[PDB]
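Engineer: Protein chains in written order, with the UniProt record's numbering: chain E, 1294 to 1341; chain P, 138 to 384; chain H, 138 to 384; chain D, 846 to 945; chain V, 499 to 547; chain A, 1 to 354; chain W, 2 to 90, 111 to 476. Note that the Cβ used here is the ideal one computed from N, Cα and C, for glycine as well.
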DNA sequence: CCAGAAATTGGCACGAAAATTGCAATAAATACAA
DNA sequence: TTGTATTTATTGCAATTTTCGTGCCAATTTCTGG
Ligand SMILES: Nc1ncnc2c1ncn2[C@@H]1O[C@H](COP(=O)(O)OP(=O)(O)OP(=O)(O)O)[C@@H](O)[C@H]1O
Ligand SMILES: Nc1ncnc2c1ncn2[C@@H]1O[C@H](COP(=O)(O)OP(=O)(O)O)[C@@H](O)[C@H]1O
Ligand SMILES: [Zn+2]
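(1) Any chance the CB of residue 261(P) is under 6 Å from a heavy atom of ligand 1?
(2) Quick check: does the Cβ of residue 241(A) come within less than 6 Å of any heavy atom belonging to ligand 1?
(3) Alpha carbon to alpha carbon, how far is residue 268(W) from residue 289(A)?
(4) Taking the C-alpha atoms as reference points, what is the distance between residue 1297(E) and residue 83(A)?
(5) Taking all protein chains shown into account, decide if residue 891(D) is buried (16 or more other Cβ within 10 angstroms of its Cβ) or exposed.
(6) Name all residues in chain order for which at least one heavy atom of ligand 3 lies closer than 6 Å to the residue's CB.
(7) I want to verify the contact list: residues of chain H whose CB lies under 9 Å from the CB of residue 4(W), in sequence order.
(8) Using only Cβ atoms and a threshold of 6 Å, which residues come within that distance of a heavy atom of ligand 2? Order them by chain position.
(9) Are the beta-carbon atoms of residue 364(W) and residue 414(W) separated by less than 7 Å?
(10) Checking contacts by CB at 7 Å: is residue 327(A) closer than that to chain E?
(11) Along chain W, in chain order, which residues have C-beta atoms closer than 9 Å to that of residue 206(H)?
(12) Could you tell me the boundaries of the alpha helix (DSSP H) in which residue 275(A) lies?
(13) Heavy atom of ligand 5 less than 6 Å from the Cβ of residue 238(H), yes or no?
(14) I'd like to check one pair, residue 138(P) with residue 315(P): are the Cβ atoms closer than 7 Å?
(15) Could you say which of 349(W), 221(W), 402(W), 17(W) lies nearest to residue 284(W) if we only look at CA atoms?
(16) Determine which residues of the region 201–219 of chain W have a Cβ less than 8 Å from any Cβ of chain E, and write them out in chain order.
(17) How far does the beta strand (DSSP E) with residue 115(A) in it reach, from first residue to last?
(18) Taking only beta carbons into account, state which residues of the region 239–260 of chain A come closer than 8 Å to chain W, listed in chain order.
(19) For the region 313–347 of chain P, enumerate the residues whose C-beta is nearer than 7 Å to any C-beta of chain H, in chain order.
(20) Please classify residue 218(A) as buried or exposed, where buried requires at least 16 other C-beta atoms within 10 Å of its C-beta.
(21) With 16 as the cutoff for other CB atoms within 10 Å, does residue 216(P) come out buried or exposed?
(22) If you draw a straight line from the C-alpha of residue 319(W) to the C-alpha of residue 332(W), how long is it?
(23) Below 7 Å between beta carbons: does that hold for residue 265(H) and residue 212(H)?
(24) Per DSSP, which residues does residue 925(D) bridge with? Please list them.
(25) What did DSSP end up calling residue 361(A) once you bin it into helix, strand or coil?
(26) Would residue 155(P) be called buried (16 or more neighbouring beta carbons within 10 Å of its own) or exposed?
(27) Is it buried or exposed for residue 162(H), if we count other Cβ within 10 angstroms and need 16 for buried?
(28) Which of the three DSSP states is assigned to residue 227(A) in this structure?
(29) Can you check whether the C-beta of residue 216(P) is within less than 7 Å of a C-beta belonging to chain W?
(30) By Cβ distance below 8 Å, which residues in the same chain neighbour residue 1329(E) in space, the five residues on each side in sequence not counted?
(31) By how many angstroms is the C-alpha of residue 111(W) removed from the C-alpha of residue 544(V)?
(32) At a CB-CB cut-off below 9 Å, which residues of chain W make contact with residue 849(D)?
(33) The alpha helix (DSSP H) spanning residue 915(D) covers which residue range?
(34) Can you tell which of 372(P), 159(P), 226(P) has the C-alpha that lies nearest to the C-alpha of residue 184(P)?
(35) In terms of residue numbering, what span does the alpha helix (DSSP H) encompassing residue 28(A) cover?
Here it is in structure tokens:
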């Protein structure tokens, strides 16, 4: 409902098709936060 | 374009086609008037630098004192009288092809000025302290036997092995009996429109005389004879009488 | 990139290794296409001046009347044209190596103009009233027997011992039979890789032919012949027929 | 080039231009709802290269269509009312229209 | 002129007149404020003022 | 990719993970992150309205401004996907890669990281066991510090003023080594050892018994053991390369009239780039040190302002006397990512009324 | 004698003393700013006036460590509420939907297969902002990436896409777009079959405005032809312009011209005039007590900075003088618009300001003037002339304006040709040849006489 | 009504006028130490 | 009483290309008699 860019489109398509099911992903704001923390010279990364 | 009829000319053209992909310098040997410059221009067109400029120079007229000045250019303070920097022939031919007419006549002393430029491609201007790198393909044409000059102590063998990587031989017109009639017809057609004489062809006697003659000046002498015949004829076809310039 | 399979080449390499810390000028003598430039650059690389600029200059490329200006530079007001202070090639290679290519062709007059610079490193510019101290290691290359030219009177004996602290002789390739096969293989590999050719070696008859011809251009002639064969190659293996220019 | 306030918009129907006067501005007393045009304006779209297709379009449908694009003022969605007052402000040296 | 325009247009004590009704305008014009340039702030004001 | 179906299927994947790891970044890591180096402080051309080359919005570094088109326009459609134009250098791909491509800036001289100097207790001062006053004086070119003790009576961390350094230089000559700036601190951090300090502090704690000094020794030993166990290195606390944020996360605000205005982050980046370029030019001409020291101090201050504006001394403000927001401001506070966008957010399929 | 010799000579030297501070006139404001940036980078003694300011900040900042009891102890109110709520309980843009976004939204909600969806994605990628397909289907088939697919599948997917909203989008050419639009109409439409026939078969005749061969071939009357043509003209030639995404681009003027007290005042745009300054801090250490190398360095850099500042000031003065002279000469244009602009060449301006024509040419390159009428170029006011009966002159710009005005007020059934346009200009005193009139008409992209008639 | 016979336009060429750029370091007036 | 180093004061020519107007003519649109 907020910032899963692919999830929004998939949810809308499924609702129109009559299939009330979602495929969640990663919010975009967390990726923005990762980039902003990296811009400070700190190495933060998703593991495995 | 250019007309090639004899088997030797076809073989030369095929070899040129095969070696056009090669960037090696070429040395061409023959006589005066055999068409070495035409072959060089064909080679330049058939290579990948056809769009690139082609600079052909007759090195038999360059003064010895300004030899380095013309070849390498110079800076502002190189000598007296100069106020501005000047480019060199290699730089002017950078990214293209440089052709040298009558390389056999070159002086032995000046042959040392081209020992390193051909291989290394790096040189300094007069009055300068900066090294310049280029990419120029060297073509040389000569009517003299280079190897004989080397053996008789007149040519620098290092420069020979620098240029003697690809060899081309153009036989004179005396071995081109098949390729006399097409050249004569082409020259007649060209000069008929050039001088508005409207002459079409030749008669049997004129063709026989032109074919039987062992031309020494080759294509140049044949073209001059055709031009003189055009200038001094009024008929539709040129007979043997109008060809009185020959022996 | 450089093949040293002959025992003499290994001896030369070991001597070069022993003189890496040696700073004295060296003189190299050999024939055409033996590898004087390669050996000199290997000496330069193995010395303490590996990262220092390596200024290679040919003495014959400078006009006679501006030779001093190109050798030492000039100051302002020295002559009609001395617009500003300019340094010479010796000051250009400060702390590095200066490579005098083809020192044999140098005239007697020029050899008397550089007797104090090599031994002491001090020279005055044209118009400069201050003494210039420079430290450049000098490597000279020649294709002439200088030890005989000093006797014949065509070379100045004073400069011979200034450039005769260390002398290197490169034997001709026709005596270096351990190099012909490896050099031919390396050249064939390089020219096949560059020309997109599907050839990957010689035939046994071709190998026997390459070890019997009396090469005169030595390594350079071998490279030229290999390139000529690669250009006109028509099979995965090169036969004696392609190398018909030898004998 | 300058934007023009005009009543001749190439890409609108005649019904949508019924409420505009000869200067391209709505009449006093008009009842308008969301989506209606209040002031008609056009904007230059540049100098498109005269390709054969562009020449065909200009030949068939006219030149005004191929030179300008619509940038009119429209009633926002969910807004209705009656036009009771119109004011025009013009810079010095610019020609005044009929409404002014 | 710049200082005068800034004061009369973008000061904290210069405000659009409240115009709901006449009482709004009368109340707005008779208003006293402890805030502004040289006054207090609603975070540092206190409890006794 | 060759088959377009798999190519489209593989750009909507979700990354798999089960943990998050944080550490310090070496200059090699920062260089491996980036796609190019930023060299010019310009952003937009204002004549062709296209990004400048090597600028803060360069398409050769950060990506295409249009989907599957390069800057010049030789390659334009999906049939040329994954192709680098040899004329402009722009890849042919999606324009969303401008959200996840970073750049880097090569600094002329080292600069300290303001977070590892001003977050109490100071990490540099705790590792080197020096007061914060001395480190601040050295970093901002107000005093000297000895790097190598030498054969004289100068200690390995002794602070020397101008006159003291002058007389020491004229007395001892070239026996010692004294420096100022971030280079000196980096030299101290690079030349130290951790195991010897650990064992010495452990033996000192074993022998000497105290209350405050025992706490100090415990703090230092904990810091040393943490640094040893972690893969970090002390000299990584001094910046040599500077990361640059992707351009779509710091967009330019367009206004009616064609004015692009400016953003605080872009302004701070431009100031850093200008100072770095001027110092790079000055170092090449062998200019007198009396000017290059001021240039290095200004570069240090600019980097500090970019990383965290207002934490150290004065704060750089805008035209209307408002301090510029830095990266830390974007991260922390009640207006930062955590409070405003991650712990709560606005949603679709919602309404409100009386 | 040929030879490079070093000698002492007594010769005469010409005066090439030029080519200094001359390249600063031909550049625009943006390139001039770039050059100034380079100069500031290379010279430590040059600084430019800025606006950034720095002020001290030492106020304490509240953190979480403040205990809960202390919060209730304090009489003051918190600066920001810890609770995620407002006091009653950086700018970024927004996403916009383009034509391709709308098309992909419709593609997502259509029962396609995976292969068909990839084909549709490629097709929509190959659609421009006017609504037409910019590549042949062969390129799309090549970009699909496998050889198991024919061209009929691509055609079917394209036909499905062409029925999206707007109708006619992703069409190959104009005829295809018009036929697609017509296929959506009902058969009850009166003039449908004739319009369909005209579009399908004879569309170039309508482009050439024949109206004679057209009726002969289609065997129709004049009224039915007019009705069909009006129906065709009611269609949308650019279906992809319903969703308009764009913004106009502007140019910041270099010279401002206004009218005060009935007099034309000309000045420079103060928001864009370049300027520099001398850094006093570095230049204030130029004392002999310091090192001599430092002293010579600072002296050289200060002299260069002062010279550059003088050159910039002179450039600004020259530009202002030239603009003022040009405005003064062309005064009737600013009061009555076009048709009143007198002919002008660089020689007149150079004589008026006592300079060479090269200086005038360089100063007026890529310079823009703002007037109450609009934004123009400084070079726009120079034009040729055509001799007018009685010794007068007529500028080509005025003649073009007159020709456009005459053509814009003609009878549609009888378009005015070059022969009649010359006669109208002949009776006004202008003596302009037919070829020149045709050239002027072509320069305005106006069709010839036979291609402007209407029914 | 229709076919044979008259205006229209844009390419190409001519001379002449106008816009463009390659010349990159100089010279004259003024103050100070012997 | 003078000879030298410093500070301002120098924004124009001459090739050279590009463009201006205008006439000739060949491939298209209009005018008139059986
Ligand atoms: N060991 C080697 N391996 C490969 N190539 C070699 C070797 N020795 C010589 N060559 C080749 O020999 C060629 C000529 O070398 P070089 O320039 O030293 O010749 P030179 O005539 O002695 O030089 P110079 O006259 O310029 O002093 C080069 O193209 C080089 O590749
Ligand atoms: N294939 C050809 N077709 C037409 N003319 C040729 C051909 N070959 C040679 N020639 C003529 O022969 C002449 C030889 O000129 P050039 O090559 O300059 O001198 P040389 O032959 O002595 O090198 C040229 O002028 C050219 O016209
Ligand atoms: Zn490109």
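Structural biologist: Quick look at the numbers:
(1) If you number the second chain from 1, residue 261(P) lands on position 124. The closest heavy atom of ligand 1 lies 6 Å or more from the beta carbon of residue 261(P).
(2) Taking the sixth chain and counting its residues from 1, one reaches residue 241(A) at position 241. In this structure, ligand 1 has no non-hydrogen atom nearer than 6 Å to the beta-carbon of residue 241(A).
(3) Residue numbering aside, residue 268(W) sits at position 247 when the seventh chain is read from its first letter. Residue numbering aside, residue 289(A) sits at position 289 when the sixth chain is read from its first letter. Answer to the nearest angstrom: the Cα atoms are 51 Å apart.
(4) On the first chain, residue 1297(E) is found 4 positions in, with the first residue counted as 1. On the sixth chain, residue 83(A) is found 83 positions in, with the first residue counted as 1. Spanning the two alpha carbons is a distance of roughly 29 Å.
(5) In the fourth chain, counting from the first residue as 1, residue 891(D) sits at position 46. Around the CB of residue 891(D), fewer than 16 other CB atoms lie within 10 Å, so the residue is classed as exposed.
(6) Close to ligand 3, as judged by a C-beta nearer than 6 Å to any of its heavy atoms, are the residues 70(A), 71(A), 72(A), 74(A), 85(A), 87(A), 88(A), 90(A), in chain order.
(7) Reading the seventh chain from its first residue, position 3 is the one you call residue 4(W). Within 9 Å Cβ-Cβ: 200, 202.
(8) That gives 139(P), 140(P), 141(P), 169(P), 170(P), 171(P), 172(P), 173(P), 174(P), 175(P), 278(P), 356(P), 357(P).
(9) Walking along the seventh chain from the start, residue 364(W) turns up at place 343. Walking along the seventh chain from the start, residue 414(W) turns up at place 393. Yes, these two residues count as a Cβ contact at 7 Å.
(10) For the purposes of this step, residue 327(A) is identified with residue 327 of the sixth chain, where counting begins at 1. Residue 327(A) counts as touching chain E.
(11) As a working mapping, residue 206(H) is identified with position 69 in the third chain. In chain order: 7.
(12) In the sixth chain, residue 275(A) corresponds to position 275, counting from 1. Secondary structure note for residue 275(A): its alpha helix (DSSP H) is the uninterrupted segment 264–284.
(13) Ligand 5 is not part of this structure, which contains only ligand 1, ligand 2 and ligand 3.
(14) Position 178 of the second chain, counted from the start, is the residue given in the question as residue 315(P). Position 1 of the second chain, counted from the start, is the residue given in the question as residue 138(P). No, Cβ-Cβ distance for residue 315(P) and residue 138(P) is not below 7 Å.
(15) Looking up residue 284(W) in the seventh chain gives position 263. Of the listed residues, the one whose Cα sits closest to residue 284(W) is 349(W).
(16) Result list empty, no residue passes.
(17) Locating residue 115(A) in the sixth chain gives position 115, counting from the first residue. Per DSSP, residue 115(A) lies in no beta strand (DSSP E); the unbroken alpha helix (DSSP H) holding it starts and ends at 115–118.
(18) Residues passing the 8 Å Cβ filter: 251, 253, 254, 257, 258.
(19) Residues passing the 7 Å Cβ filter: none.
(20) For this step, residue 218(A) is matched to residue 218 along the sixth chain. Residue 218(A) is classed as exposed because its beta carbon has fewer than 16 other beta carbons within 10 Å across all chains shown.
(21) On the second chain, residue 216(P) is found 79 positions in, with the first residue counted as 1. Result: buried.
(22) The count along the seventh chain starts at 1 and reaches residue 319(W) at position 298. The count along the seventh chain starts at 1 and reaches residue 332(W) at position 311. So the alpha carbons of these two residues sit roughly 20 Å apart.
(23) Indexing the third chain from 1 puts residue 265(H) at position 128. Indexing the third chain from 1 puts residue 212(H) at position 75. Result yes, Cβ atoms of residue 265(H) and residue 212(H) sit closer than 7 Å.
(24) As a first step, residue 925(D) is located in the fourth chain; it is residue number 80 there, counting from the start. For residue 925(D), which the question treats as bridged, DSSP gives no partner whatsoever.
(25) Outside the displayed span of chain A (1 to 354) sits residue 361(A), for which this structure offers no information.
(26) By one-based count along the second chain, residue 155(P) stands at place 18. Result: exposed.
(27) Residue 162(H) sits at position 25 when you count from the first residue of the third chain. Classification for residue 162(H): buried.
(28) Position 227 of the sixth chain holds residue 227(A). DSSP places residue 227(A) in helix when its eight states are reduced to three.
(29) Looking up residue 216(P) in the second chain gives position 79. With 7 Å as the cut-off, residue 216(P) counts as an interface residue toward chain W.
(30) Against the first chain, residue 1329(E) aligns to sequence position 36. Excluding the 5 residues flanking it on each side, residue 1329(E) has no same chain C-beta neighbour closer than 8 Å.
(31) Within the fifth chain, the letter at position 46 stands for residue 544(V). Within the seventh chain, the letter at position 90 stands for residue 111(W). A straight-line Cα-Cα distance of about 31 Å links residue 544(V) and residue 111(W).
(32) Here residue 849(D) refers to the residue found at position 4 of the fourth chain. Simply none; closest approach about 12 Å.
(33) Counted from its first residue, the fourth chain places residue 915(D) at position 70. Careful: residue 915(D) lies outside any alpha helix (DSSP H), inside the beta strand (DSSP E) at 913–915.
(34) The residue labelled residue 184(P) in the question sits at position 47 within the second chain. Per the Cα distances, 159(P).
(35) Position 28 of the sixth chain holds residue 28(A). In the DSSP assignment, residue 28(A) falls within the unbroken alpha helix (DSSP H) covering 27–33.
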